[PDB]
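One structure is given here, and the rest of the page talks about it.
Values quoted throughout were computed directly from the atomic coordinates according to the rules given, and no laboratory measurement underlies them. Note that we place each Cβ from the backbone using ideal geometry, even for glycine, and neighbour counts take in every protein chain shown.
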Amino acid sequence: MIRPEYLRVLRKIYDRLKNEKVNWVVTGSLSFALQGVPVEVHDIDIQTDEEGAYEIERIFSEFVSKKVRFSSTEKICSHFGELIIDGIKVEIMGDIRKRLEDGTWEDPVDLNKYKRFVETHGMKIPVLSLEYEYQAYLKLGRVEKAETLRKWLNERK
């Protein structure tokens, strides 16, 4: 499913994080593909906690394209940075919070609650619950992506 160039970058990421005390999960398109959803993989998204975002930046320091900084829109905020590894963009998002209807910010997710693991090519990759991402996508208005996930999930069940 996943194109070799993405598998190779995933391995580079895994090899540097697998023995470090960092809470991380792959999210978005690569996570969906790893879990069997036939979506196109464009870029890599890594979700973590606040401390983890700065740790990942340190661990991958030679690949940094944008330093991690607390960054907000009206709709979402996180400790956000970027790597480029072999031409592939890797976004780092620590302690993501979505804006609620009343203008408060939700608490960041407990990543461990929604984490699962996919074995691929000798790697045990942490990924985010598809049900969780489906619901998050609805809240953000990413309706086509949510409905793609939902259709695939419905077709398993």
When the scattering of the chain is computed by the Debye formula from its Cα atoms alone, each counted once and equally, what is log10 I(q)/I(0) at q = 0.11, 0.14, 0.20 Å⁻¹?
-0.42, -0.69, -1.43
Which distance in Å, rounded to a whole number, links the C-alpha centroids of the range 121-139 and the range 45-100?
17 Å
When each of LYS115/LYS139; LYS12/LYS75; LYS66/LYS113; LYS21/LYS67 is checked by Cα-Cα distance, pairs over 22 Å:
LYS12/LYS75; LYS66/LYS113
Kyte-Doolittle mean at least -0.5 and Cα extent at least 18 Å along the axis: which DSSP H helices of the chain qualify?
none
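What FRET efficiency comes out for the pair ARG69/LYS124, r = Cβ-Cβ distance, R0 = 30 Å, nearest 0.05? Walk me through the numbers on the way to the answer.
Details: r = 30 Å, r/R0 = 1.01.
The computed FRET efficiency comes out at 0.50.
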What does the helix-only formula give at 222 nm for the chain: each DSSP H stretch with n ≥ 4 adding -39500 (n - 2.57), the total divided by the residues, and the result rounded to the nearest 500 deg cm²/dmol?
-11000 deg cm²/dmol
